[PDB]
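Residue-level listing of the chains:
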Amino acid sequence: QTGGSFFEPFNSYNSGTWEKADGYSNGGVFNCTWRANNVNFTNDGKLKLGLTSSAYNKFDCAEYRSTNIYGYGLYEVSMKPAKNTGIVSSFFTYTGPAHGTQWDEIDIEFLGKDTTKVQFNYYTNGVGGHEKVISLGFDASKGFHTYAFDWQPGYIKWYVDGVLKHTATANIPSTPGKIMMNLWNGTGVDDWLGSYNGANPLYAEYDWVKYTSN
Ligand SMILES: *CCCCO[C@@H]1O[C@H](CO)[C@@H](O[C@@H]2O[C@H](CO)[C@@H](O)[C@H](O)[C@H]2O)[C@H](O)[C@H]1O
Ligand SMILES: [Ca+2]
């Protein structure tokens, strides 16, 4: 059925790949407008997503999304999140009503508030609440480390620097989704994220992405 294996080095933009979110806010708990102009590719070949103030307590943030959808297989990122309260840095897979399907996502989240920790979650058809905070013995934000999840029909495995950190066993997502990375600040969730203190510009770097199909 879907999208085949690729390897993204982030030195050449080309069509039918990836698209940026621009000029709209996801609302609720994302307290920033997505700006296409906050997705910058560097000359050494790393996507650089940023969080910036447009106006005083008015912030803009950054999202990148694959045009195609991807299934079952191995997902790999080399990435450096932003450390700072009240923010998230992620790489996930997503589909939603938004796309005309059941909301299916698996994810890796770096809560800027603690980047010596990662949050593993997934959502099958709206039900999520499967969050696993693992403690990586380093600061994710002092450098580039590889983060994989093996999405399968029976389990989801998660790997930090080739080390198995978490497996998921009950009700695993089964709709193909887009690969999505972003940097956003939140409202309401002071509890989960901490409070964003207004500090900017913040940025998460993504060195490369690889999806290996089965
Ligand atoms: C799982 C926790 C992190 C993000 O959750 C989901 O993020 C999606 C992308 O940021 C978002 O879906 C997008 O919403 C916009 C606004 O309607 C659409 O343009 C896009 O098609 C859709 O994927 C979800 O809102 C959220 O659950
Ligand atoms: Ca690159």
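Heads up: these notes are all about the structure in this document.

**Observations regarding the overall build of the chain**
Right, on to step 1. Looking only at helices and strands, the chain has zero helices and 16 strands in total.
Right, on to step 2. Computed over its C-alpha atoms, the radius of gyration of the chain comes to 16 Å, within 12% of the 17 Å expected for a compact globule of 214 residues.
Right, on to step 3. Seen along its three principal axes, the alpha-carbon backbone of the chain occupies a region of about 45 × 40 × 35 Å.
Right, on to step 4. Each of the 214 residues in the chain was classed as buried or not, and the buried ones make up 51%.
Right, on to step 5. Long-range contacts, defined as pairs at least 24 residues apart, comprise 66% of the intrachain contacts of the chain with a sequence gap of at least 6.
Right, on to step 6. For the chain, the computed accessible surface area is about 9,200 Å², with 48% contributed by carbon and sulfur atoms.
Right, on to step 7. Here the chain contributes 16 positive and 20 negative side-chain charges, whose respective centroids are spaced 4 Å apart.

**Some words on the site of ligand 1**
Right, on to step 1. In the vicinity of ligand 1, 15 residues are found, and the nearest of them are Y24, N26, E63, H99 and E105.
Right, on to step 2. Contact between ligand 1 and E105: an oxygen atom at 3.4 Å from a side-chain N or O atom of the residue.
Right, on to step 3. Among the cavities detected, the one that contains ligand 1 is the largest pocket.
Right, on to step 4. Sorting the residues of the shell around ligand 1 by element identifies β8 (87–95), β9 (104–111) and β15 (178–185) as the ones contributing at least two each.
Right, on to step 5. Considering every element that reaches the shell around ligand 1, the biggest residue donor is β9, with three residues.
Right, on to step 6. Each residue belonging to the shell around ligand 1 can be placed in one class, and the counts come to eight nonpolar, three polar and four charged.

**Side note on the pairing of strand β5 (residues 47–55)**
Right, on to step 1. In this sheet, β5 lies alongside strand β4 (residues 39–41) in antiparallel orientation, the contact comprising three bridges. Within β5, the position partnered with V39 by the bridge is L49.
Right, on to step 2. One ladder, built from five bridges, connects β5 with strand β16 (residues 202–213); its direction is antiparallel. By the bridge assignment, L47 is partnered in β16 with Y206.

**A word on the layout of surface pockets**
Right, on to step 1. Empty space within the largest pocket amounts to approximately 420 Å³.
Right, on to step 2. Along its surface, the largest pocket is lined by 23 residues, and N26, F30, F92, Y94 and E105 are the ones closest to its centre.
Right, on to step 3. For the lining of the largest pocket, the secondary structure elements donating two or more residues are β6 (58–66), β8, β9, β10 (114–123) and β15.
Right, on to step 4. Each residue belonging to the lining of the largest pocket can be placed in one class, and the counts come to twelve nonpolar, five polar and six charged.

**Here we look at the side chain of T175**
Right, on to step 1. Note on placement: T175 falls in the loop between β14 (163–168) and β15.
Right, on to step 2. Polar side-chain contacts of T175 include one of 3.1 Å to the side chain of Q102.
Right, on to step 3. A polar side-chain atom of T175 sits 2.8 Å from a polar atom in the side chain of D104.
Right, on to step 4. Apart from residues no more than four positions distant in its own chain, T175 is found in contact with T95, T101, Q102, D104 and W151.

**Brief notes about the coordination of the calcium ion (ligand 2)**
Right, on to step 1. Surrounding the calcium ion (ligand 2) are the protein donor atoms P9 (O), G45 (O) and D207 (O), at 1.6 to 2.7 Å.
Right, on to step 2. Between consecutive donor residues of the calcium ion (ligand 2), the sequence gaps follow P-x35-G-x161-D. One end of the pair, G45, is in the loop between β4 and β5; the other, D207, is in strand β16, and 162 residues separate them in sequence.
Right, on to step 3. By relative accessible area, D207 is classed as partly exposed at 21%.

**Regarding the environment of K132**
Right, on to step 1. Among the structural elements, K132 can be located in strand β11 (residues 132–135).
Right, on to step 2. Residue classification places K132 among the partly exposed positions, given a relative accessible area of 29%.
Right, on to step 3. Note: C-alpha distance between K132 and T167 (35 residues apart in sequence) is 9.9 Å.
Right, on to step 4. Those residues in contact with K132, other than ones at most four positions away along the chain, are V118, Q119, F120 and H166.

About the thresholds
Residues numbered from 1 in each chain as written, not as in the entry; some residues may be left out. Chains lettered and ligands numbered in written order. Heavy atoms only, no water. Helix = DSSP H or I, 4+ residues; strand = E, 2+ residues; numbered from the N terminus. Rg over C-alpha atoms; globule rule 2.2 N^0.38 Å. Buried < 20%, exposed > 50% of the residue type's maximum accessible area, 1.4 Å probe, protein only. Contact = heavy atoms within 4.5 Å. Areas by Shrake-Rupley, 256 points an atom, 1.4 Å probe, with all protein chains shown as cover. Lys, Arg positive; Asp, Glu negative; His and termini not counted. Charge placed at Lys NZ, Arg CZ, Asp CG, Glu CD. Near = heavy atom within 4 Å. Polar contact = N/O pair within 3.5 Å; in protein donor to acceptor, adjacent residues only side chain to side chain. 1 Å grid on protein atoms, 1.4 Å probe; cavity = no way out; pocket = protein on both sides within 12 Å on 5 of 7 lines; lining within 4 Å. Sits in = over half its atoms within 2 Å of the grid points. Nonpolar A, V, L, I, M, F, W, Y, C, P; charged D, E, K, R; others polar. Pairing = 2+ DSSP bridges. Points joined across faces, edges and corners; volume = space filled by probe spheres on them. Donors = N, O, S within 2.8 Å, 3.2 Å for Na, K, Ca; no water.

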